Structures are given as structure tokens and as C-alpha cells.
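Same chain, two forms, each on its own as C-alpha cells: structure 1, then structure 2.
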Structure 1
């Protein structure tokens, strides 16, 4: 099309795939490499509560990893302001820039903003057997709804975008909770 004077894309890997409250003027299905998506982050403000946390996704460095999701272009001339809105909502998350590979075989890979949760983050739980993650999810609910709803919306979304092979961790957990 016609060149724009500015560009900023943010990569969505969690709830951003099905729910965005910020404005965007394009979105593309694709993946990033060198990270894996893990249910190793506590939720005490959305999908659980203090004393009974939920498990939501967090990205971990994984050289052989990939994360399928959605990149969202921030509105041209409004990228910095919209970034700020994201940056001051991040209970914190660090930012980096990674190559995003569009699912489409017509659009070239490009640099996207990536929000990464820290080990320094107080809600971080860390790894746990998948049986124990699914139990937690089944039982957890927060101010934004059941932890189960989160997992099923993420699983349904990624399934609508790519085969299930695209994320074994997610689909083990999903089909896992489904057992209840």
C-alpha cells in the first residue's frame, strides 16, 4: 500500500488474542521464536484472587520455542500514547523487540513489541506438573471470570488460527481440564 511515517506492532499471546481494549488499524496471525508460552503466571486481579490465584500465560526464553498469536498495529501518529496505555497497565512486564513471522506467505517478517513478565513479578508462580496446573485452573475464578473460561478462549482462538500441534502445552491443559 502507501508508506506510513510511523509503525509499532504489539504481539498478543494471552487474552489480547480474543480481547483488546486499545485501538488498532491492522492485525496479523503469526508467530515469534525463541520463547514458549507457559501457564506459570498467577492471576490475582483477573482469573483468581489473593489467597486463591489462577494460572494465566507468561512467555519463557526457549531457544527451540515458538508462540503463535496475533500482532496488532498501533494507530499511526498514536503509537507512543497507545504504548503508554499498555505500559501503565502492566502489573511489572519488561518490553523487548522480536521478529514476528506472519502466517500469511505474502507478508515479510517484521519487528514487534513483546511484553515479557519478570521473575521479579510478585504474581509469578513458576513451573508445576500439568495435572496440578489444570486443578488450579478448574477451581480458580477472579474479577474478570473463571480461570477455565480463559484457558478455553485461548485454546479455541489458537485452534481457529493453526493446528493443535502449534502448542502442545495449551492443548494438553485444555483437553486436560475438559476431563472435569
Structure 2
């Protein structure tokens, strides 16, 4: 099966994937409304990471990865499509390359119901919080930069108003 990576997976490429395609999905928008206490932040001082939200006019550029078929032959691992703030569903992924027809992919999403969801907030604020945060995975700012730098390698900044704006405010903070 193929899964869509709208975040860290884009650049955190050290995992096993049979194949990958740059592309985009629809009807969702990428927002930094997901709190991070185990990666780019910690409890008591959470960081912000991305999640996808339903947006009819929405688009999200990212990368689709083909997971290797599982080795354990004794149990049937399953997919639960429902589940406690994290959603699993599928959506159409459009490859950047027109040579490939669009195909279904798995989407793993953290909902408004997940415990870590921080929700929408003024960008001024999100940027600062990101500025300050650091977690087991690294600093919050590095996460944003990679993503942003990461997306730019694939599309014009117009593609993600929210992400690039954030990057810019942060860079400004880094100034003063």
C-alpha cells in the first residue's frame, strides 16, 4: 500500500520504502495546529507540528511512499479506518508527473479530538511558540525549516501560504 507523507516523512527519508512519488492531494489543508510533546516539544512546553484539516478549496503538496510488504507471516496486520483522535482514511493522490495516473493513498491524521491538538491560532503566536520549543527529535524551528525548504524543492511558495508565512515570521524572530 501507498501512504501520503505531508510532513517529516518528506525529508526524514531514512526508512524503507519500495518506491516514492512527489505529488499532491485535495480537500485538505496543512496546518500547524498539532501540538508536539514527544518530538519537537515536551510536556509543559509543547511545540507545533503539522496536521491536515478538511478544506474544500484545499490542497497539500507532499510525497507518497510505497511501504514494503510485511515480513511476519503469522499474524494479519490490519487497517482500521474509523479512533481516539487519529484518523485513517484514503484519498486520491495526484502525481506531479502526468505520466502516472492518480491513485488512492493512505492518510493518517490527528483530529480535533486527539489530546495533543492545539488548534488554530494567530500566526504571530504560533511562530513564537515554535521558536522556543525543542523536543526529543530536535528543535521546533528546524522542523519547520526542513518542511518549508522541503516543499519549495517541489513547488512555488504560493502552494503553501501557511507554511511559508510561518517560516518567514520565524526567520524574522531569529533576527531580533
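Residue numbers count along the first chain shown, from 1. Only residues modelled in both forms are compared. Superpose the two forms; the largest set of C-alphas matching within 1.5 Å is the rigid core.
Core-superposed comparison between structures 1 and 2: the Cα of residue 73 travels less than 2 Å. Comparing the forms between structures 1 and 2, the C-alpha position of residue 103 differs by less than 2 angstroms, with the core used for superposition. Superposition of the core reveals a Cα shift of less than 2 Å for residue 18 between structures 1 and 2.
Core-aligned Cα shift between structures 1 and 2 at residue 119: this is 1.7 Å. Relative to the superposed rigid core, residue 83 shifts its CA by 11.0 Å between structures 1 and 2. Segments of at least three consecutive residues in which every Cα is displaced by 2 Å or more between structures 1 and 2, once the core is aligned, are found at 20-22, 76-89.
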